[PDB]
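So this one's data_9.pdb, PDB, C-alpha atoms and all ligand atoms:
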```pdb
ATOM      1  CA  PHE A   3     110.735  84.003  75.083  1.00  0.00           C
ATOM      2  CA  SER A   4     109.079  80.962  76.660  1.00  0.00           C
ATOM      3  CA  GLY A   5     105.618  82.170  77.751  1.00  0.00           C
ATOM      4  CA  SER A   6     102.168  81.462  76.330  1.00  0.00           C
ATOM      5  CA  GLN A   7     101.126  84.780  74.809  1.00  0.00           C
ATOM      6  CA  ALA A   8     103.420  86.125  72.076  1.00  0.00           C
ATOM      7  CA  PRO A   9     105.347  89.180  73.225  1.00  0.00           C
ATOM      8  CA  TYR A  10     104.519  92.664  72.020  1.00  0.00           C
ATOM      9  CA  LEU A  11     107.847  93.560  70.387  1.00  0.00           C
ATOM     10  CA  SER A  12     108.956  97.204  70.170  1.00  0.00           C
ATOM     11  CA  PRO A  13     105.464  98.485  71.035  1.00  0.00           C
ATOM     12  CA  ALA A  14     104.969 102.221  70.455  1.00  0.00           C
ATOM     13  CA  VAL A  15     104.086 104.376  73.475  1.00  0.00           C
ATOM     14  CA  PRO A  16     101.298 105.078  74.299  1.00  0.00           C
ATOM     15  CA  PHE A  17     100.400 101.387  74.026  1.00  0.00           C
ATOM     16  CA  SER A  18      97.263  99.411  74.819  1.00  0.00           C
ATOM     17  CA  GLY A  19      96.946  95.681  74.138  1.00  0.00           C
ATOM     18  CA  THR A  20      94.953  92.627  75.111  1.00  0.00           C
ATOM     19  CA  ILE A  21      96.201  90.202  77.754  1.00  0.00           C
ATOM     20  CA  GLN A  22      95.100  86.848  76.329  1.00  0.00           C
ATOM     21  CA  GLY A  23      93.007  84.930  78.857  1.00  0.00           C
ATOM     22  CA  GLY A  24      93.032  87.907  81.243  1.00  0.00           C
ATOM     23  CA  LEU A  25      95.126  88.228  84.382  1.00  0.00           C
ATOM     24  CA  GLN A  26      95.536  84.925  86.195  1.00  0.00           C
ATOM     25  CA  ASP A  27      97.174  83.949  89.467  1.00  0.00           C
ATOM     26  CA  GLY A  28     100.785  83.127  88.620  1.00  0.00           C
ATOM     27  CA  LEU A  29     100.983  85.155  85.401  1.00  0.00           C
ATOM     28  CA  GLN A  30     104.146  87.228  84.984  1.00  0.00           C
ATOM     29  CA  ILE A  31     104.096  90.334  82.758  1.00  0.00           C
ATOM     30  CA  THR A  32     107.340  92.099  81.870  1.00  0.00           C
ATOM     31  CA  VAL A  33     107.683  95.653  80.566  1.00  0.00           C
ATOM     32  CA  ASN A  34     111.232  96.164  79.318  1.00  0.00           C
ATOM     33  CA  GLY A  35     112.445  99.488  77.969  1.00  0.00           C
ATOM     34  CA  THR A  36     114.184 102.778  78.697  1.00  0.00           C
ATOM     35  CA  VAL A  37     113.028 105.897  80.521  1.00  0.00           C
ATOM     36  CA  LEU A  38     113.236 108.939  78.233  1.00  0.00           C
ATOM     37  CA  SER A  39     115.401 111.900  79.288  1.00  0.00           C
ATOM     38  CA  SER A  40     113.522 115.048  78.276  1.00  0.00           C
ATOM     39  CA  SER A  41     110.070 113.759  77.241  1.00  0.00           C
ATOM     40  CA  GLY A  42     108.004 114.203  80.445  1.00  0.00           C
ATOM     41  CA  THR A  43     108.293 113.507  84.182  1.00  0.00           C
ATOM     42  CA  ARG A  44     106.019 110.451  84.532  1.00  0.00           C
ATOM     43  CA  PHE A  45     105.143 107.088  83.062  1.00  0.00           C
ATOM     44  CA  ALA A  46     102.575 104.429  83.910  1.00  0.00           C
ATOM     45  CA  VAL A  47     101.688 100.801  83.416  1.00  0.00           C
ATOM     46  CA  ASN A  48      97.945 100.128  83.683  1.00  0.00           C
ATOM     47  CA  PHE A  49      96.246  96.776  84.194  1.00  0.00           C
ATOM     48  CA  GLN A  50      92.734  97.535  83.068  1.00  0.00           C
ATOM     49  CA  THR A  51      89.345  96.224  81.939  1.00  0.00           C
ATOM     50  CA  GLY A  52      88.880  96.981  78.250  1.00  0.00           C
ATOM     51  CA  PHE A  53      90.242  99.972  76.378  1.00  0.00           C
ATOM     52  CA  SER A  54      88.279 102.824  78.009  1.00  0.00           C
ATOM     53  CA  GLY A  55      90.745 103.478  80.849  1.00  0.00           C
ATOM     54  CA  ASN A  56      87.982 104.115  83.396  1.00  0.00           C
ATOM     55  CA  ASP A  57      88.487 100.800  85.168  1.00  0.00           C
ATOM     56  CA  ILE A  58      92.142 100.249  86.021  1.00  0.00           C
ATOM     57  CA  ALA A  59      92.728  97.530  88.621  1.00  0.00           C
ATOM     58  CA  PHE A  60      96.373  98.579  89.058  1.00  0.00           C
ATOM     59  CA  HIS A  61      98.038 101.829  87.947  1.00  0.00           C
ATOM     60  CA  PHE A  62     101.815 101.770  88.566  1.00  0.00           C
ATOM     61  CA  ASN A  63     103.055 105.304  88.086  1.00  0.00           C
ATOM     62  CA  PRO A  64     106.672 106.444  88.645  1.00  0.00           C
ATOM     63  CA  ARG A  65     106.968 110.231  88.961  1.00  0.00           C
ATOM     64  CA  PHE A  66     110.321 112.006  88.626  1.00  0.00           C
ATOM     65  CA  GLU A  67     109.015 114.808  90.839  1.00  0.00           C
ATOM     66  CA  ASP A  68     109.316 115.901  94.474  1.00  0.00           C
ATOM     67  CA  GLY A  69     112.412 113.748  94.994  1.00  0.00           C
ATOM     68  CA  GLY A  70     111.135 110.828  92.891  1.00  0.00           C
ATOM     69  CA  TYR A  71     108.310 108.563  94.035  1.00  0.00           C
ATOM     70  CA  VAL A  72     105.942 105.933  92.691  1.00  0.00           C
ATOM     71  CA  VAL A  73     102.141 106.039  92.832  1.00  0.00           C
ATOM     72  CA  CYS A  74     100.108 102.829  93.024  1.00  0.00           C
ATOM     73  CA  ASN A  75      96.346 103.159  92.646  1.00  0.00           C
ATOM     74  CA  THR A  76      93.079 101.735  91.333  1.00  0.00           C
ATOM     75  CA  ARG A  77      90.467 103.480  89.191  1.00  0.00           C
ATOM     76  CA  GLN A  78      86.880 102.135  89.458  1.00  0.00           C
ATOM     77  CA  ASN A  79      83.904 103.422  87.487  1.00  0.00           C
ATOM     78  CA  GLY A  80      86.076 106.372  86.421  1.00  0.00           C
ATOM     79  CA  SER A  81      87.235 107.405  89.905  1.00  0.00           C
ATOM     80  CA  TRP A  82      90.698 107.112  91.440  1.00  0.00           C
ATOM     81  CA  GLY A  83      91.077 105.647  94.925  1.00  0.00           C
ATOM     82  CA  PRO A  84      93.472 106.605  97.717  1.00  0.00           C
ATOM     83  CA  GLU A  85      97.049 106.519  96.401  1.00  0.00           C
ATOM     84  CA  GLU A  86      99.754 104.300  97.822  1.00  0.00           C
ATOM     85  CA  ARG A  87     103.062 106.158  97.460  1.00  0.00           C
ATOM     86  CA  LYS A  88     106.527 104.715  97.776  1.00  0.00           C
ATOM     87  CA  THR A  89     108.950 107.607  98.317  1.00  0.00           C
ATOM     88  CA  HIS A  90     111.852 105.944  96.477  1.00  0.00           C
ATOM     89  CA  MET A  91     112.553 106.039  92.730  1.00  0.00           C
ATOM     90  CA  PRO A  92     114.041 102.786  91.361  1.00  0.00           C
ATOM     91  CA  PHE A  93     114.132 104.061  87.756  1.00  0.00           C
ATOM     92  CA  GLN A  94     116.338 106.770  86.272  1.00  0.00           C
ATOM     93  CA  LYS A  95     115.797 109.147  83.388  1.00  0.00           C
ATOM     94  CA  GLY A  96     117.679 107.972  80.313  1.00  0.00           C
ATOM     95  CA  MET A  97     118.247 104.484  81.750  1.00  0.00           C
ATOM     96  CA  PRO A  98     117.097 101.002  80.672  1.00  0.00           C
ATOM     97  CA  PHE A  99     114.827  99.039  83.008  1.00  0.00           C
ATOM     98  CA  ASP A 100     113.233  95.648  83.434  1.00  0.00           C
ATOM     99  CA  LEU A 101     109.852  95.892  85.152  1.00  0.00           C
ATOM    100  CA  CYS A 102     108.122  92.625  86.095  1.00  0.00           C
ATOM    101  CA  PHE A 103     104.632  92.145  87.517  1.00  0.00           C
ATOM    102  CA  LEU A 104     103.831  88.804  89.140  1.00  0.00           C
ATOM    103  CA  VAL A 105     100.133  88.229  89.834  1.00  0.00           C
ATOM    104  CA  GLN A 106      99.474  86.460  93.136  1.00  0.00           C
ATOM    105  CA  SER A 107      96.163  85.657  94.836  1.00  0.00           C
ATOM    106  CA  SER A 108      96.438  88.617  97.264  1.00  0.00           C
ATOM    107  CA  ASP A 109      98.663  91.084  95.406  1.00  0.00           C
ATOM    108  CA  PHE A 110     100.826  92.080  92.495  1.00  0.00           C
ATOM    109  CA  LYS A 111     104.522  91.647  93.228  1.00  0.00           C
ATOM    110  CA  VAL A 112     106.412  94.334  91.298  1.00  0.00           C
ATOM    111  CA  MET A 113     110.111  93.763  90.554  1.00  0.00           C
ATOM    112  CA  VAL A 114     112.342  96.500  89.156  1.00  0.00           C
ATOM    113  CA  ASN A 115     115.706  95.367  87.758  1.00  0.00           C
ATOM    114  CA  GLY A 116     115.474  92.099  89.690  1.00  0.00           C
ATOM    115  CA  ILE A 117     114.548  93.595  93.074  1.00  0.00           C
ATOM    116  CA  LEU A 118     111.085  93.375  94.613  1.00  0.00           C
ATOM    117  CA  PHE A 119     110.020  97.011  94.798  1.00  0.00           C
ATOM    118  CA  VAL A 120     106.397  96.973  95.958  1.00  0.00           C
ATOM    119  CA  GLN A 121     103.455  94.648  96.634  1.00  0.00           C
ATOM    120  CA  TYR A 122     100.072  96.049  95.640  1.00  0.00           C
ATOM    121  CA  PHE A 123      97.237  94.233  97.345  1.00  0.00           C
ATOM    122  CA  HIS A 124      94.272  93.749  95.020  1.00  0.00           C
ATOM    123  CA  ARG A 125      91.443  96.230  95.532  1.00  0.00           C
ATOM    124  CA  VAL A 126      89.263  94.748  92.778  1.00  0.00           C
ATOM    125  CA  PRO A 127      89.174  91.268  91.209  1.00  0.00           C
ATOM    126  CA  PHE A 128      92.235  90.814  88.970  1.00  0.00           C
ATOM    127  CA  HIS A 129      90.365  88.303  86.770  1.00  0.00           C
ATOM    128  CA  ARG A 130      88.488  91.241  85.217  1.00  0.00           C
ATOM    129  CA  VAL A 131      91.723  92.692  83.818  1.00  0.00           C
ATOM    130  CA  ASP A 132      92.104  91.894  80.124  1.00  0.00           C
ATOM    131  CA  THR A 133      94.238  94.792  78.842  1.00  0.00           C
ATOM    132  CA  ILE A 134      97.664  96.311  79.548  1.00  0.00           C
ATOM    133  CA  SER A 135      98.531  99.928  78.742  1.00  0.00           C
ATOM    134  CA  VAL A 136     101.817 101.805  78.982  1.00  0.00           C
ATOM    135  CA  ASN A 137     102.017 105.576  78.640  1.00  0.00           C
ATOM    136  CA  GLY A 138     104.323 108.508  79.306  1.00  0.00           C
ATOM    137  CA  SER A 139     108.056 109.039  79.202  1.00  0.00           C
ATOM    138  CA  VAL A 140     109.326 105.630  78.124  1.00  0.00           C
ATOM    139  CA  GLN A 141     110.376 103.752  75.013  1.00  0.00           C
ATOM    140  CA  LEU A 142     109.760  99.980  75.006  1.00  0.00           C
ATOM    141  CA  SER A 143     111.788  97.004  73.844  1.00  0.00           C
ATOM    142  CA  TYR A 144     109.030  94.498  74.678  1.00  0.00           C
ATOM    143  CA  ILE A 145     106.051  93.528  76.777  1.00  0.00           C
ATOM    144  CA  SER A 146     106.147  89.789  77.485  1.00  0.00           C
ATOM    145  CA  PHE A 147     104.073  87.163  79.284  1.00  0.00           C
TER     146      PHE A 147
HETATM  147  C1  LIG A 201      89.860 121.062 102.908  1.00  0.00           C
HETATM  148  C2  LIG A 201      90.702 121.336 101.695  1.00  0.00           C
HETATM  149  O1  LIG A 201      90.568 122.393 101.072  1.00  0.00           O
HETATM  150  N1  LIG A 201      91.585 120.393 101.346  1.00  0.00           N
HETATM  151  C3  LIG A 201      92.400 120.510 100.145  1.00  0.00           C
HETATM  152  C4  LIG A 201      92.486 119.162  99.417  1.00  0.00           C
HETATM  153  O2  LIG A 201      91.206 118.771  98.968  1.00  0.00           O
HETATM  154  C5  LIG A 201      93.482 119.212  98.253  1.00  0.00           C
HETATM  155  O3  LIG A 201      93.611 117.942  97.852  1.00  0.00           O
HETATM  156  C6  LIG A 201      93.574 117.689  96.463  1.00  0.00           C
HETATM  157  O4  LIG A 201      92.225 117.569  96.055  1.00  0.00           O
HETATM  158  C7  LIG A 201      92.081 117.354  94.660  1.00  0.00           C
HETATM  159  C8  LIG A 201      90.603 117.386  94.287  1.00  0.00           C
HETATM  160  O5  LIG A 201      90.101 118.695  94.465  1.00  0.00           O
HETATM  161  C9  LIG A 201      92.735 116.021  94.290  1.00  0.00           C
HETATM  162  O6  LIG A 201      92.075 114.958  94.940  1.00  0.00           O
HETATM  163  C10 LIG A 201      94.204 116.017  94.711  1.00  0.00           C
HETATM  164  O7  LIG A 201      94.799 114.825  94.553  1.00  0.00           O
HETATM  165  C11 LIG A 201      95.506 114.663  93.344  1.00  0.00           C
HETATM  166  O8  LIG A 201      94.585 114.268  92.339  1.00  0.00           O
HETATM  167  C12 LIG A 201      95.189 114.142  91.066  1.00  0.00           C
HETATM  168  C13 LIG A 201      94.081 113.937  90.035  1.00  0.00           C
HETATM  169  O9  LIG A 201      93.410 112.730  90.300  1.00  0.00           O
HETATM  170  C14 LIG A 201      96.238 113.014  91.124  1.00  0.00           C
HETATM  171  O10 LIG A 201      96.889 112.877  89.879  1.00  0.00           O
HETATM  172  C15 LIG A 201      96.436 111.724  89.174  1.00  0.00           C
HETATM  173  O11 LIG A 201      96.823 110.555  89.872  1.00  0.00           O
HETATM  174  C16 LIG A 201      96.373 109.375  89.235  1.00  0.00           C
HETATM  175  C17 LIG A 201      96.666 108.191  90.149  1.00  0.00           C
HETATM  176  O12 LIG A 201      96.078 108.381  91.428  1.00  0.00           O
HETATM  177  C18 LIG A 201      97.023 109.262  87.852  1.00  0.00           C
HETATM  178  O13 LIG A 201      98.434 109.154  87.982  1.00  0.00           O
HETATM  179  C19 LIG A 201      96.681 110.496  87.016  1.00  0.00           C
HETATM  180  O14 LIG A 201      97.363 110.483  85.863  1.00  0.00           O
HETATM  181  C20 LIG A 201      96.691 110.293  84.643  1.00  0.00           C
HETATM  182  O15 LIG A 201      96.647 108.903  84.354  1.00  0.00           O
HETATM  183  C21 LIG A 201      95.979 108.601  83.131  1.00  0.00           C
HETATM  184  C22 LIG A 201      95.959 107.081  82.970  1.00  0.00           C
HETATM  185  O16 LIG A 201      97.265 106.540  82.957  1.00  0.00           O
HETATM  186  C23 LIG A 201      96.602 109.336  81.924  1.00  0.00           C
HETATM  187  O17 LIG A 201      95.744 109.304  80.800  1.00  0.00           O
HETATM  188  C24 LIG A 201      96.294 108.579  79.686  1.00  0.00           C
HETATM  189  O18 LIG A 201      97.272 109.322  78.977  1.00  0.00           O
HETATM  190  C25 LIG A 201      97.777 108.613  77.854  1.00  0.00           C
HETATM  191  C26 LIG A 201      98.901 109.398  77.192  1.00  0.00           C
HETATM  192  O19 LIG A 201     100.074 109.384  77.976  1.00  0.00           O
HETATM  193  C27 LIG A 201      96.646 108.316  76.864  1.00  0.00           C
HETATM  194  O20 LIG A 201      96.098 109.520  76.364  1.00  0.00           O
HETATM  195  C28 LIG A 201      95.542 107.519  77.551  1.00  0.00           C
HETATM  196  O21 LIG A 201      94.426 107.385  76.706  1.00  0.00           O
HETATM  197  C29 LIG A 201      95.095 108.248  78.808  1.00  0.00           C
HETATM  198  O22 LIG A 201      94.152 107.456  79.501  1.00  0.00           O
HETATM  199  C30 LIG A 201      96.823 110.827  82.196  1.00  0.00           C
HETATM  200  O23 LIG A 201      97.644 111.408  81.197  1.00  0.00           O
HETATM  201  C31 LIG A 201      97.460 111.045  83.560  1.00  0.00           C
HETATM  202  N2  LIG A 201      97.542 112.474  83.842  1.00  0.00           N
HETATM  203  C32 LIG A 201      98.670 113.024  84.279  1.00  0.00           C
HETATM  204  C33 LIG A 201      98.643 114.501  84.559  1.00  0.00           C
HETATM  205  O24 LIG A 201      99.708 112.391  84.456  1.00  0.00           O
HETATM  206  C34 LIG A 201      97.033 111.775  87.770  1.00  0.00           C
HETATM  207  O25 LIG A 201      96.548 112.900  87.053  1.00  0.00           O
HETATM  208  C35 LIG A 201      97.280 113.348  92.197  1.00  0.00           C
HETATM  209  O26 LIG A 201      98.269 112.339  92.308  1.00  0.00           O
HETATM  210  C36 LIG A 201      96.565 113.582  93.528  1.00  0.00           C
HETATM  211  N3  LIG A 201      97.480 113.971  94.589  1.00  0.00           N
HETATM  212  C37 LIG A 201      97.333 113.501  95.834  1.00  0.00           C
HETATM  213  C38 LIG A 201      98.293 114.036  96.851  1.00  0.00           C
HETATM  214  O27 LIG A 201      96.479 112.673  96.153  1.00  0.00           O
HETATM  215  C39 LIG A 201      94.348 116.404  96.181  1.00  0.00           C
HETATM  216  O28 LIG A 201      95.710 116.585  96.477  1.00  0.00           O
HETATM  217  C40 LIG A 201      94.801 119.868  98.683  1.00  0.00           C
HETATM  218  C41 LIG A 201      95.793 120.069  97.535  1.00  0.00           C
HETATM  219  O29 LIG A 201      95.197 120.797  96.477  1.00  0.00           O
HETATM  220  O30 LIG A 201      94.532 121.131  99.264  1.00  0.00           O
HETATM  221  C42 LIG A 201      93.812 121.002 100.468  1.00  0.00           C
HETATM  222  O31 LIG A 201      93.787 122.265 101.099  1.00  0.00           O
END
```

If you took the structure in this file and wrote it as structure tokens, what would it be?
Amino acid sequence: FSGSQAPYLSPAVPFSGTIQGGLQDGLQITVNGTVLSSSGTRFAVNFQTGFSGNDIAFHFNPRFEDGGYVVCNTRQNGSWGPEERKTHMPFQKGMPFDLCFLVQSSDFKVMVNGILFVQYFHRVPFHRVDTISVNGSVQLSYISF
């Protein structure tokens, strides 16, 4: 590791932890782990304000359902917005993955196993994000910065 916040090593799922200094343009956050085989049909990574879960700037939510698709959304003052759905599944049940979020001024760039998968254009100010959560059908090796 060569970043500036110590990695969360082998974090238990569900996980919620502080992002030191908050999201910043240029910050890269990696979630590295394995999708579980028979422990649910969904997982999510949430970039959120505090630990309540009612204000999530970016919810990245693969669903092994209806062919496999990924939901991208924002929750503000407790309410979900209109979902962006990509109708391709880049993960696989039982399989290891490397999931990398690069914060840019206009969007998150989301890379799955070294391929840019989606760009989520910010709906709310990313500076207000100070917490990352991961939940659902995954086990994690690390979350790094
Ligand atoms: C004229 C007419 O009659 N028209 C109707 C339409 O109105 C109707 O359309 C449907 O209308 C309903 C409302 O009535 C709704 O809008 C339907 O849309 C669906 O809405 C659901 C619920 O919001 C969507 O599912 C949710 O999606 C969001 C992202 O957008 C999240 O993925 C939600 O997942 C939850 O996420 C939480 C945070 O990560 C998580 O909680 C965490 O869990 C952790 C443990 O793992 C830990 O506990 C932590 O503390 C906690 O915060 C939850 O576990 C997680 N829940 C689940 C179940 O995973 C997700 O629930 C859904 O995607 C959306 N679908 C669509 C298509 O938009 C809308 O379809 C239609 C159809 O009925 O009929 C017409 O006739």

Reference answer for the PyMOL selection byres (((not hetatm)) within 9 of (chain A and resi 201)), as a ChimeraX atom specification = /A:15-18,43-48,53-56,58,61-65,73-77,81-86,135-139

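For the structure in this document, the set picked by the PyMOL selection byres (((chain A and resi 142) around 6) and not hetatm) is residues 12, 34, 35, 141, 143 and 144 of chain A.
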
For the residues selected in the previous step, produce a file with C-alpha atoms as a PDB file, in the coordinates of the input.
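For reference, out-v2.pdb as written:
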```pdb
ATOM      1  CA  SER A  12     108.956  97.204  70.170  1.00  0.00           C
ATOM      2  CA  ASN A  34     111.232  96.164  79.318  1.00  0.00           C
ATOM      3  CA  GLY A  35     112.445  99.488  77.969  1.00  0.00           C
ATOM      4  CA  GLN A 141     110.376 103.752  75.013  1.00  0.00           C
ATOM      5  CA  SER A 143     111.788  97.004  73.844  1.00  0.00           C
ATOM      6  CA  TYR A 144     109.030  94.498  74.678  1.00  0.00           C
TER       7      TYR A 144
END
```

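Near residue 51 of chain A, within 7 Å and counting only C-alpha atoms, sit residues 53, 57, 58, 130, 131, 132 and 133 of chain A, not including residues fewer than 2 positions from it in the same chain.
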
Spell out the residues picked by the PyMOL selection byres (((chain A and resi 119-127) around 9) and not hetatm) here, as a VMD selection string.
-> chain A and resid 59 to 60 74 to 76 78 86 88 92 107 to 114 116 to 118 128 to 131

Counting all atoms listed in the file, what is within 9 Å of residue 22 of chain A, bar same-chain residues fewer than 2 positions away, as a VMD selection string?
-> chain A and resid 6 to 7 20 24 to 25 132 to 133

What is the distance, in Å and to one decimal place, between atom CA of residue 99 of chain A and atom CA of residue 38 of chain A?
->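 Calculated distance between atom CA of residue 99 of chain A and atom CA of residue 38 of chain A is 11.1 Å.
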
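For the choices A:94, A:106, A:26, A:50, the atom-to-atom distance to residue 80 of chain A is smallest for A:50 when using all atoms listed in the file.
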
Using all atoms listed in the file, find the one residue out of A:10, A:49, A:147, A:71 that sits nearest to residue 87 of chain A.
->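 Between A:10, A:49, A:147, A:71, the residue approaching residue 87 of chain A most closely is A:71.
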
Axis-aligned box for segment 97-106 of chain A, 6 Å per side, centre and edges in Å as lines of an AutoDock Vina configuration file:
```
center_x = 108.9
center_y = 95.5
center_z = 86.9
size_x = 30.8
size_y = 30.0
size_z = 24.5
```

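Between atom CA of residue 104 of chain A and atom CA of residue 28 of chain A there is a distance of 6.5 Å.
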
Choose the residue, out of A:8, A:97, A:105, A:14, that has the smallest atom-to-atom separation from residue 37 of chain A; count all atoms listed in the file.
->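 Of all the options, A:97 lies closest to residue 37 of chain A.
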
Distance of atom CA of residue 103 of chain A from atom CA of residue 66 of chain A, expressed in Å to one decimal place =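 For atom CA of residue 66 of chain A relative to atom CA of residue 103 of chain A, the distance reads 20.7 Å.
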
Using all atoms listed in the file, determine which residues lie at most 10 Å from residue 9 of chain A, disregarding the query and same-chain residues fewer than 5 positions distant; provide the list as JSON, numbers by chain.
-> {"A": [3, 4, 31, 32, 144, 145, 146, 147]}
